[PDB]
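Here is the structure we will look at, set down as structure tokens.
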Amino acid sequence: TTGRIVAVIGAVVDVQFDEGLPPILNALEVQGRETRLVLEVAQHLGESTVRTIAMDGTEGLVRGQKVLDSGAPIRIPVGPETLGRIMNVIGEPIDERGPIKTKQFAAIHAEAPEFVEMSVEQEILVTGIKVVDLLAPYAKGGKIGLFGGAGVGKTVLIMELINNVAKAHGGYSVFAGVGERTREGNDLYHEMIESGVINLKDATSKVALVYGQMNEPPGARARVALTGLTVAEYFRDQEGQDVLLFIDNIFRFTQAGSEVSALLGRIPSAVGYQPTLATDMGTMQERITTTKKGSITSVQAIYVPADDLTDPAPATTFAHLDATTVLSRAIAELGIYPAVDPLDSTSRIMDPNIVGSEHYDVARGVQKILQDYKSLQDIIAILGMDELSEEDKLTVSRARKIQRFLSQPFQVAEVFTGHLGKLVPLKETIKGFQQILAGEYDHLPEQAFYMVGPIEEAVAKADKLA
Amino acid sequence: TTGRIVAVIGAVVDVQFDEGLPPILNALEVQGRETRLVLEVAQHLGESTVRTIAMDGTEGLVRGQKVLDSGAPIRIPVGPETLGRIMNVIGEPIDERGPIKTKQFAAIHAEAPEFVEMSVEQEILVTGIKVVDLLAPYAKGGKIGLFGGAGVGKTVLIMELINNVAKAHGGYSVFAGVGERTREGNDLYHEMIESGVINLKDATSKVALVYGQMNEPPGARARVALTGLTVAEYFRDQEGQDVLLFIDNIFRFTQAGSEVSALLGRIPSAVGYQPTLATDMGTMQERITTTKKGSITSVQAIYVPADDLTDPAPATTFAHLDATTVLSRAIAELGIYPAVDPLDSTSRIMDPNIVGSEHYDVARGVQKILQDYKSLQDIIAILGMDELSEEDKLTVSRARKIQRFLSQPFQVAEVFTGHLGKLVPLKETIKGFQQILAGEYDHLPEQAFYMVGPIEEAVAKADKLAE
Amino acid sequence: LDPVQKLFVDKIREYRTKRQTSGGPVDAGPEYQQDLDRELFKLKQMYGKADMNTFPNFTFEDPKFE
Amino acid sequence: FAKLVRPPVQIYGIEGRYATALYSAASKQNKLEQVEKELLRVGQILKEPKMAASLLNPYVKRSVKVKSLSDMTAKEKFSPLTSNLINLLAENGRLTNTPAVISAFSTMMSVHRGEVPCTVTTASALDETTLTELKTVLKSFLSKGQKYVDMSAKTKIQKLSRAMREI
Amino acid sequence: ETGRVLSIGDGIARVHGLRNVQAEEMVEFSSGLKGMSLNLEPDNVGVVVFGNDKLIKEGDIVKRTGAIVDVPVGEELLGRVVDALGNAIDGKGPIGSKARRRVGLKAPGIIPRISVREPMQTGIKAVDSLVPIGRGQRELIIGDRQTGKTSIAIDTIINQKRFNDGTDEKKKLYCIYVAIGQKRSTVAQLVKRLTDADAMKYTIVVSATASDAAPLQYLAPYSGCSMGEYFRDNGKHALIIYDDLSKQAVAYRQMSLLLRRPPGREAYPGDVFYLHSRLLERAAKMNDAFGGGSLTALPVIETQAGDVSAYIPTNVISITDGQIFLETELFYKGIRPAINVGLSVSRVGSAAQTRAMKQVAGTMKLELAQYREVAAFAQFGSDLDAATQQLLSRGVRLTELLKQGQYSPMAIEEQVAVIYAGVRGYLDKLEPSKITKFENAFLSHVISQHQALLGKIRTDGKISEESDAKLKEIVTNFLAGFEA
Amino acid sequence: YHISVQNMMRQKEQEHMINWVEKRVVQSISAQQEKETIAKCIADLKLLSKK
Ligand SMILES: Nc1ncnc2c1ncn2[C@@H]1O[C@H](COP(=O)(O)OP(=O)(O)NP(=O)(O)O)[C@@H](O)[C@H]1O
Ligand SMILES: Nc1ncnc2c1ncn2[C@@H]1O[C@H](COP(=O)(O)OP(=O)(O)NP(=O)(O)O)[C@@H](O)[C@H]1O
Ligand SMILES: Nc1ncnc2c1ncn2[C@@H]1O[C@H](COP(=O)(O)OP(=O)(O)O)[C@@H](O)[C@H]1O
Ligand SMILES: [Mg+2]
Ligand SMILES: [Mg+2]
Ligand SMILES: [Mg+2]
């Protein structure tokens, strides 16, 4: 039926229905603007009024103004007639290529895969990125998390993965841009048309795009994470297919939450966040998963505010991943890209029974010398290298090489590194370190291992200097 | 009169009274429970309604349930027939031995011993624990406090205290476990029946037990200590006796107070304690005292939340003490139990005109050398040991000896240590250190002082470790 | 308990005119078929795409080396 | 100080607090009924096309709003010891509230008298009796005279159930 | 029978009616949804919904149950996987739940109990020697994420095979495993791990995860407790593992804040201590007059950057009878399982070992808190007297001992075997970089040869001068046969 | 495979089968004015028993 706006503040609006009253989650439809202004019920305040989160600007609304119930959730296009199309948070298309004629629809909200549907299929997914492979490998159909503070190189890394992975990949990929840079989208689009994962000519397109960037209202950023969610969901279930879900940046989802939780009228929780940060997340999060039916390999970039890895946002999210890659400004500032913290990135499959105890052994051997170097880090800073015992003078030099040989010039920042984009296969990864560790190379300069491919390019470099 | 529950959250029930509005503090009676439920009144919100704390869980209550104005404050089985008996928050016995039998009862909400009743006499109670006696002796009939972060040996200390001090004592002892571990009560009952300070047969029991552990509500914990002291307040004022009152853990009193404070209508204060942490403590420590009429040696143990001795709880507790033993994690971590900080522990009677110039001059000399060693501590361990003076490798040597000789195998800690208990008479402690200090053992190696009793027992380990 | 034991019978005077009405799943309309094909794809997935009625031949492979 | 006639309806807890007053202010002079009707009338002395330019008007204030309510009391059928529940809402700035204060006056009056349980499909049983569900039958005789997991959930789903005979 | 819904949002339904509803009594919803009363206020009952509150709408109908909340109990649960309310979710059709215990049970007071004497073995050298647990104890596992906090609790249940597939009816230990806050993808992968090693049979696994409603995580570890209370109150031995209380607390916070209960430290509510206190007291060692039955409880806490000042981690440590700390630092350093001896305590000490362990490791816990400090003082290359030259010359080898594989417990007998090797000084002359290829042999060599000695020590649980004598050669019969 | 190609079949059908029950019973009460008599019936047998 019909009801009216009685309160408006930011993205929170209060509608009064005399007849009937929409379930919590029903997309409402504002009647009176040149622009589809979906509200979304989130509360029943009583006195036959509901409280809703907008999905766009609310300049203009007035106390009065009619609203129609849609009788349903926000529902969007799903199916194969999405591949190649850019769609926004409510399904509307935004690549200015007409409408998205599609058989079926789905709602953005949805209960999550019951326990019986889970699958324990753990098979390694090689990236050709030395640190990731050697120390905390990604797992096929696993949840992956990229943690980073402003500017440490999440977006680059997600891109390199999209390249070393979703280019030679028989199967559908969905990319949800949640509250990041609009120009990064324009950039993706073009980059994927040229490379031809998207094709304007055909229906040979292998990717769907869902975008709600850092210029749109809380509501929109709040939700869009789920739009793109729903899409990937279909390709998994009604297609029992291999889905690749990339999000950037999942943080902006919790953030946007925070912006609204204030006026929804919850009482503030730790650090000002919404009371409901763990579940708000966890519902949404647990839908992103590989089930018996289909299979989603997820890769989410996670922003870390003020570099605070304990900020509730990043802090809570860790629970939800199977492999994590954590980026430190500290490292990046030493020109060690990709900026991966070797002692803080982990995978739930670094396990000899899964990766074969040559892998597991060279790993924890690097991970050891590094964390041995790291302990000396203090005495070296106050007294200097010389006060270091002879044994220890080495543990440094070797470690420092490892430190340097985990750097790897990506095929993207061929522009910042200038250097040619390498991709190193698990074998030569595992090998090279093993050698470095067994000190075949204590005769080579440090630099020799900074920014290279296999260990050859290392020993090779060392010559061109001499 | 009769009253009806109007509302109920967690541990705070409001009640409405047709006529008889009960005065704050007045214990109220919940009609209709399979086990007794009391509601200490806490305020008059007005319109004949009173907010209250429950002395047990409110699971079950219902809007309108019948409440009766017991007419006066919680009342307990104060009296001599409490010995050997495990009481509780409200009097009810819980060792399963049917009503405590006395016709004398006192409210647990008393006023406090006025100025003129204050006793100024203080004399050294020796404990045989070397560290306390040497550096911060407790005083017969004085407020003692045991400061400790979690796991540093606070509770064990108070055991070895009740073992030593409270056994060779022919007066009455009252141990009240406020807010800590139920396991540890059961644990003590039986040790205190093996020793038979509690005797199940005769009536030779010298120990009243009051209990309200970390399994009970905030209501309970907030008042368990008010009870156990009402109990020991009788044995003082009457007998003129020497009452030993142990509490563990007087911290849980303010914490408990914290938990309900929110629901009681309080803007929170610093660190988020009650705006009343201060006076709540005052009108309650000011009762655990010694009047002219009688004396109460008190041994409280205080939790230090996260070891921060400045946390408004342990912080405010210090004012109320005469002798404070403060426990150190960093010491314990070095294996030096009892982890007493020989430089944060203090007694009021550490006065040469009270303990003698030999005692005093010797304590302070130990305190000094340990402090000096603490000073060389980040020269040496980062810039070459033997770069020290001759004077200094000497004050290090002796210090580490002194520092270890300060440990003691406790009798209640054999289970952990591995050595048979011990106990040193004051004058053999003074002598022991006076010696080490004097340069008389600079030849015996370190470990020989680690965990021995009287000084000689180190000369023992001095050869046993040799050949 | 005596005016309810026969209202639970309005449920097999229909259960009857159904588990006997042969001629196809009753009154279906279009819906009935389409969906019984989507779940015919995904259920044809975890297993493979070959012939489910025949016994599979056998390609074999040598032992790799690390 | 004064004791209070809390009549077993109680109602609120926070706001219609004036109401809970006059079941006790009235029950001294037993003029409960004198007002049970007095209020009904004032409820519309204010819903006029002539009284809304103050009803919700922070423009005149507690000046000519209280002594302009010596009229709509003294004048009309009022002027008793109930011309005052106004003279309060007048001063205590809650004239904008009285409708709710009258509403509750009722729901507390008709619990000394009637009972309020309602039928399923239409009007009020007004079972004004000393016993609940005694006269619930003998007053609805003037109403004639005017199993497989899923099917389980889907049978209670019609019985006393849903959107059917509800309309 | 019950009444209206005033307003609904965020899992919090206000209700105008229910006038005779018990506080803490569970209501039921129009849509068939079980809720719960927690705020009995004058003019409404705030109710925490136990699931998706989309189905609820203003005006719906809420009906009393009369009951305080309760759950399925008893052996009819073993081998299953139930949500926080007892319902099965492993798709194997309901459990045989004749027994139905209440969640809101208070804990055993003073008398019903007896000093913890019963060895609860973990099969982890590290734990079973230096911080030994016993039946009735609460030993906290605390540590940063990915430190090994779980591969503790798992390695321990997987150890209870040995006892549960035998005769001795005391050594038997049934296991509950609450899983609060985790992701299903994991709960599962974990059950799969149990199942494989074959332990799932003796093990309830209550699971309230990420996506589950808020009050459902609040309640989960309680439910999983009642289920373990039965096993003790009926003369048997339970080991429940809450993993983790950190996530639970967070959940309780949500309910509490949404219920408009003014927030305290780090936003948590006042009783956030009471929460873990009360739950954790319910584990006890019942005295004979009550069954002899036990409930050992391993709560689990997760720290941020190591901060044990955090409201919670400090609370739970004040509660449990000791704890194991984890530390990523040691982990990568090679010390797996990363434990930090010196900082781990067991407030029950030897009172919970065999007199077989006790004899090899009863004053070695106060030795690896002094050999510790006495290698951190003389770190630098100089000179130290006749006394402290040796302590180091030993320890380095000893630590290489508690270095242990994963998903491979050990029976107490074998633990005493290797511990003996060193502690008596039969390793005091070997290069640490080998002390593993060594143990991995000398223990499969003295299982293939002398099931003899193990037989005794395993049974009488002690090393008589007899047993000891045999050892004194089986050892020696090896060092000289390798180096010398 | 067929362990499943028959599993979704016996269920799905039995969905439409037990669900088909609904729409034929909503037709039985809404229609049949003689299923408005069996209304006042069973229901007046409520007031009674309870008391
Ligand atoms: N993997 C890399 N290799 C070499 N240089 C890099 C790399 N990643 C980032 N940089 C440099 O640092 C910048 C940051 O890259 P970017 O991936 O956008 O960080 P970010 O995680 O997205 N932080 P933000 O996008 O602002 O939320 C670049 O634009 C480069 O100049
Ligand atoms: N004794 C061990 N030796 C070698 N690796 C181990 C050992 N114990 C645990 N691990 C590994 O270390 C990882 C972390 O173990 P885990 O039990 O999940 O710690 P955790 O702190 O509980 N992780 P989380 O649940 O995310 O907090 C695993 O994936 C293991 O395979
Ligand atoms: N007298 C002691 N000798 C050796 N170790 C001790 C001694 N006292 C305490 N400890 C160690 O400290 C631990 C905790 O003791 P406890 O007094 O219970 O801490 P708390 O201060 O919180 O009550 C013990 O379990 C033990 O291992
Ligand atoms: Mg970015
Ligand atoms: Mg203690
Ligand atoms: Mg874990």
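Residues are named by chain letter and number: chains run A, B, ... in the order of the structure tokens, numbers start at 1 in each chain, and ligands are numbered from 1 in the order shown.
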Got a sec to check which residues lie within 6 Å of ligand 2, using only C-alpha atoms and all ligand atoms, and send them as a PyMOL selection string?
-> (chain A and resi 319+348+351) or (chain E and resi 144-151+336-337+404-406)
Given a cut-off of 12 Å, what residues near ligand 6 show up using only C-alpha atoms and all ligand atoms, put as a ChimeraX atom specification?
-> /A:318-319,348 /E:141-154,177-183,186-187,190,241-247,298-303,326
Near-stretch 12-16 of chain C list (10 Å; only C-alpha atoms; drop same-chain fewer than 3 positions) as a PyMOL selection string = (chain C and resi 8-9+19-21) or (chain D and resi 147) or (chain F and resi 17-22+24-25)
Using only C-alpha atoms and all ligand atoms, what are the residues with an atom within 8 Å of ligand 4, set out as a ChimeraX atom specification?
-> /A:150-151,153-156,180-181,248-249,301,303
Keeping only N, CA, C and O atoms, write the selected residues as a tab-separated table (two decimals), in the first residue's frame.
chain	number	residue	atom	x	y	z
A	150	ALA	N	46.43	2.38	4.35
A	150	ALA	CA	46.33	3.21	3.16
A	150	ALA	C	47.65	3.19	2.39
A	150	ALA	O	48.66	3.64	2.88
A	151	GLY	N	47.64	2.63	1.18
A	151	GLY	CA	48.78	2.72	0.28
A	151	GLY	C	49.85	1.64	0.31
A	151	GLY	O	50.95	1.84	-0.24
A	153	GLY	N	49.47	-1.40	-0.92
A	153	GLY	CA	49.42	-2.15	-2.16
A	153	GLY	C	48.47	-3.31	-2.22
A	153	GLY	O	48.77	-4.32	-2.87
A	154	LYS	N	47.33	-3.17	-1.57
A	154	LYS	CA	46.26	-4.14	-1.67
A	154	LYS	C	45.80	-4.14	-3.11
A	154	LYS	O	45.92	-5.13	-3.81
A	155	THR	N	45.27	-3.01	-3.56
A	155	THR	CA	44.69	-2.97	-4.90
A	155	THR	C	45.62	-3.52	-6.00
A	155	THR	O	45.18	-4.31	-6.81
A	156	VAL	N	46.90	-3.15	-6.00
A	156	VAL	CA	47.86	-3.74	-6.94
A	156	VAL	C	47.89	-5.25	-6.84
A	156	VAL	O	47.85	-5.96	-7.84
A	180	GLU	N	35.33	1.90	-3.03
A	180	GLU	CA	36.67	2.40	-3.31
A	180	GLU	C	36.63	3.43	-4.43
A	180	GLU	O	35.64	4.14	-4.54
A	181	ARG	N	37.69	3.52	-5.23
A	181	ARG	CA	37.84	4.64	-6.18
A	181	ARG	C	37.05	4.48	-7.48
A	181	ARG	O	37.21	3.49	-8.18
A	248	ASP	N	36.80	-5.42	-3.37
A	248	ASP	CA	37.73	-4.37	-3.03
A	248	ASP	C	36.82	-3.15	-2.84
A	248	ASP	O	36.38	-2.57	-3.82
A	249	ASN	N	36.52	-2.75	-1.61
A	249	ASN	CA	37.21	-3.18	-0.39
A	249	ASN	C	36.22	-3.57	0.69
A	249	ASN	O	35.41	-2.75	1.12
A	301	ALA	N	40.09	-7.63	-0.47
A	301	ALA	CA	40.99	-6.62	0.06
A	301	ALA	C	40.35	-5.95	1.28
A	301	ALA	O	39.18	-5.53	1.26
A	303	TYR	N	40.86	-3.03	4.12
A	303	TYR	CA	41.57	-1.82	4.54
A	303	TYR	C	41.71	-1.85	6.05
A	303	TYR	O	40.85	-2.38	6.74
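The neighbours of stretch 34-38 of chain F here are the residues that come within 10 Å of it, using only C-alpha atoms and leaving out any residue fewer than 5 positions away in the same chain; they are residues 7 of chain C; 165 of chain D; 28, 29 and 43 of chain F.
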Kindly compile the residues surrounding ligand 5 within 8 Å, counting only C-alpha atoms and all ligand atoms, and format them as a list in words.
-> residues 150, 151, 153, 154, 155, 156, 180, 181, 184, 248 and 249 of chain B; 318 of chain E
Please, could you write that set of residues out with N, CA, C and O atoms as a PDB file, in the first residue's frame?
ATOM      1  N   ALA B 150      47.067 -11.244  38.699  1.00  0.00           N
ATOM      2  CA  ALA B 150      46.573 -12.616  38.694  1.00  0.00           C
ATOM      3  C   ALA B 150      47.704 -13.620  38.570  1.00  0.00           C
ATOM      4  O   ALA B 150      48.523 -13.529  37.664  1.00  0.00           O
ATOM      5  N   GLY B 151      47.758 -14.556  39.510  1.00  0.00           N
ATOM      6  CA  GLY B 151      48.614 -15.723  39.390  1.00  0.00           C
ATOM      7  C   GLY B 151      49.992 -15.590  39.992  1.00  0.00           C
ATOM      8  O   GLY B 151      50.883 -16.408  39.720  1.00  0.00           O
ATOM      9  N   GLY B 153      50.728 -15.381  43.267  1.00  0.00           N
ATOM     10  CA  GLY B 153      50.891 -16.087  44.525  1.00  0.00           C
ATOM     11  C   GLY B 153      50.199 -15.427  45.695  1.00  0.00           C
ATOM     12  O   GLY B 153      50.588 -15.644  46.846  1.00  0.00           O
ATOM     13  N   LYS B 154      49.175 -14.629  45.391  1.00  0.00           N
ATOM     14  CA  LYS B 154      48.413 -13.906  46.399  1.00  0.00           C
ATOM     15  C   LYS B 154      47.728 -14.884  47.319  1.00  0.00           C
ATOM     16  O   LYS B 154      47.893 -14.830  48.528  1.00  0.00           O
ATOM     17  N   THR B 155      46.945 -15.783  46.733  1.00  0.00           N
ATOM     18  CA  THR B 155      46.145 -16.727  47.517  1.00  0.00           C
ATOM     19  C   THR B 155      47.021 -17.733  48.289  1.00  0.00           C
ATOM     20  O   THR B 155      46.817 -17.946  49.476  1.00  0.00           O
ATOM     21  N   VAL B 156      48.010 -18.323  47.631  1.00  0.00           N
ATOM     22  CA  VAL B 156      48.917 -19.219  48.320  1.00  0.00           C
ATOM     23  C   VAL B 156      49.535 -18.557  49.532  1.00  0.00           C
ATOM     24  O   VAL B 156      49.641 -19.178  50.579  1.00  0.00           O
ATOM     25  N   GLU B 180      36.109 -15.083  44.977  1.00  0.00           N
ATOM     26  CA  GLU B 180      37.028 -15.945  44.230  1.00  0.00           C
ATOM     27  C   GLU B 180      36.530 -17.387  43.911  1.00  0.00           C
ATOM     28  O   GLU B 180      35.334 -17.602  43.656  1.00  0.00           O
ATOM     29  N   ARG B 181      37.451 -18.355  43.898  1.00  0.00           N
ATOM     30  CA  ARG B 181      37.193 -19.688  43.344  1.00  0.00           C
ATOM     31  C   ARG B 181      36.541 -20.652  44.328  1.00  0.00           C
ATOM     32  O   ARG B 181      37.085 -20.892  45.413  1.00  0.00           O
ATOM     33  N   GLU B 184      38.462 -23.447  45.624  1.00  0.00           N
ATOM     34  CA  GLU B 184      39.497 -23.108  46.604  1.00  0.00           C
ATOM     35  C   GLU B 184      38.940 -23.049  48.017  1.00  0.00           C
ATOM     36  O   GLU B 184      39.699 -23.024  48.980  1.00  0.00           O
ATOM     37  N   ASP B 248      39.511 -12.953  50.983  1.00  0.00           N
ATOM     38  CA  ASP B 248      40.057 -13.309  49.684  1.00  0.00           C
ATOM     39  C   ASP B 248      38.814 -13.435  48.817  1.00  0.00           C
ATOM     40  O   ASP B 248      38.175 -14.488  48.804  1.00  0.00           O
ATOM     41  N   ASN B 249      38.475 -12.385  48.067  1.00  0.00           N
ATOM     42  CA  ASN B 249      39.390 -11.306  47.688  1.00  0.00           C
ATOM     43  C   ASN B 249      38.683  -9.935  47.732  1.00  0.00           C
ATOM     44  O   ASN B 249      37.777  -9.663  46.946  1.00  0.00           O
TER      45      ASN B 249
ATOM     46  N   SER E 318      41.701 -14.523  35.541  1.00  0.00           N
ATOM     47  CA  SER E 318      41.472 -14.411  36.975  1.00  0.00           C
ATOM     48  C   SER E 318      40.554 -15.516  37.431  1.00  0.00           C
ATOM     49  O   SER E 318      40.438 -15.786  38.631  1.00  0.00           O
TER      50      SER E 318
END
Could you give me, as number ranges by chain, each residue of stretch 178-287 of chain A that DSSP assigns to alpha helix (DSSP H) when run on this structure's backbone?
-> A: 182-194, 218-237, 251-264, 277-287
Chain C residues near chain A (12 Å cut-off, only C-alpha atoms) as JSON, numbers by chain = {"C": [34, 35, 36, 37, 38, 39, 40, 41, 42, 43, 44, 45, 46, 47, 48, 65, 66]}
How many Å separate atom CA of residue E:472 from atom CA of residue E:390?
-> 21.8 Å
Residue contacts of residue D:103 (10 Å, only C-alpha atoms) excluding same-chain residues fewer than 2 positions away, as a PDB file with N, CA and C atoms, in the first residue's frame:
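That gives us result_21.pdb:
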ATOM      1  N   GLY D  16       1.539   8.766  30.742  1.00  0.00           N
ATOM      2  CA  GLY D  16       0.154   9.071  31.068  1.00  0.00           C
ATOM      3  C   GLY D  16       0.022   8.990  32.573  1.00  0.00           C
ATOM      4  N   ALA D  19      -3.245  10.495  34.344  1.00  0.00           N
ATOM      5  CA  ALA D  19      -4.326   9.530  34.390  1.00  0.00           C
ATOM      6  C   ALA D  19      -4.309   8.750  35.707  1.00  0.00           C
ATOM      7  N   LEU D  39     -14.486  14.274  30.609  1.00  0.00           N
ATOM      8  CA  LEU D  39     -13.350  14.211  29.693  1.00  0.00           C
ATOM      9  C   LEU D  39     -13.777  13.937  28.250  1.00  0.00           C
ATOM     10  N   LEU D  40     -14.695  12.990  28.061  1.00  0.00           N
ATOM     11  CA  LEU D  40     -15.193  12.668  26.728  1.00  0.00           C
ATOM     12  C   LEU D  40     -15.511  13.949  25.965  1.00  0.00           C
ATOM     13  N   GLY D  43     -12.422  16.329  25.098  1.00  0.00           N
ATOM     14  CA  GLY D  43     -11.686  15.708  24.010  1.00  0.00           C
ATOM     15  C   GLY D  43     -12.033  16.299  22.657  1.00  0.00           C
ATOM     16  N   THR D  98      -3.259  15.812  26.346  1.00  0.00           N
ATOM     17  CA  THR D  98      -4.481  15.392  27.040  1.00  0.00           C
ATOM     18  C   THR D  98      -5.238  14.215  26.401  1.00  0.00           C
ATOM     19  N   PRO D  99      -5.345  14.187  25.058  1.00  0.00           N
ATOM     20  CA  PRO D  99      -6.045  13.081  24.396  1.00  0.00           C
ATOM     21  C   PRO D  99      -5.611  11.744  24.957  1.00  0.00           C
ATOM     22  N   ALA D 100      -4.300  11.563  25.094  1.00  0.00           N
ATOM     23  CA  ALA D 100      -3.731  10.334  25.634  1.00  0.00           C
ATOM     24  C   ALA D 100      -4.067  10.167  27.116  1.00  0.00           C
ATOM     25  N   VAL D 101      -4.243  11.289  27.812  1.00  0.00           N
ATOM     26  CA  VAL D 101      -4.553  11.263  29.240  1.00  0.00           C
ATOM     27  C   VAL D 101      -6.003  10.880  29.489  1.00  0.00           C
ATOM     28  N   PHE D 105      -7.686   7.208  30.949  1.00  0.00           N
ATOM     29  CA  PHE D 105      -8.707   7.379  31.979  1.00  0.00           C
ATOM     30  C   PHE D 105      -9.750   6.280  31.805  1.00  0.00           C
ATOM     31  N   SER D 106     -10.080   6.022  30.543  1.00  0.00           N
ATOM     32  CA  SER D 106     -11.038   4.997  30.174  1.00  0.00           C
ATOM     33  C   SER D 106     -10.517   3.615  30.528  1.00  0.00           C
ATOM     34  N   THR D 107      -9.489   3.181  29.809  1.00  0.00           N
ATOM     35  CA  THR D 107      -8.964   1.830  29.939  1.00  0.00           C
ATOM     36  C   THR D 107      -8.709   1.447  31.391  1.00  0.00           C
ATOM     37  N   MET D 108      -8.777   2.437  32.273  1.00  0.00           N
ATOM     38  CA  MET D 108      -8.642   2.195  33.704  1.00  0.00           C
ATOM     39  C   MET D 108     -10.030   2.213  34.367  1.00  0.00           C
TER      40      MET D 108
END
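Relative to atom CA of residue D:68, atom CA of residue D:55 is found at 11.9 Å.
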Grab me every residue within 9 Å of ligand 3, counting only C-alpha atoms and all ligand atoms, and send it over as an NGL selection string.
-> (:B and (146-160 or 180-181 or 184 or 248-249 or 301-303 or 327 or 332 or 335-339 or 407-418)) or (:E and (317-319 or 321-322 or 345-349 or 365-366))
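Closest to ligand 1 among A:394, A:326, A:222, A:436 is A:326, based on only C-alpha atoms and all ligand atoms.
The shortest atom-to-atom distance to chain B, with only C-alpha atoms taken into account, belongs to A:380 out of A:415, A:380, A:157, A:28.
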Which residues of chain D are close to chain E, meaning at most 12 Å apart when you count only C-alpha atoms, and how do they look as JSON, numbers by chain?
-> {"D": [9, 10, 11, 12, 13, 14, 15, 16, 149, 153, 156, 157, 160, 161, 162]}
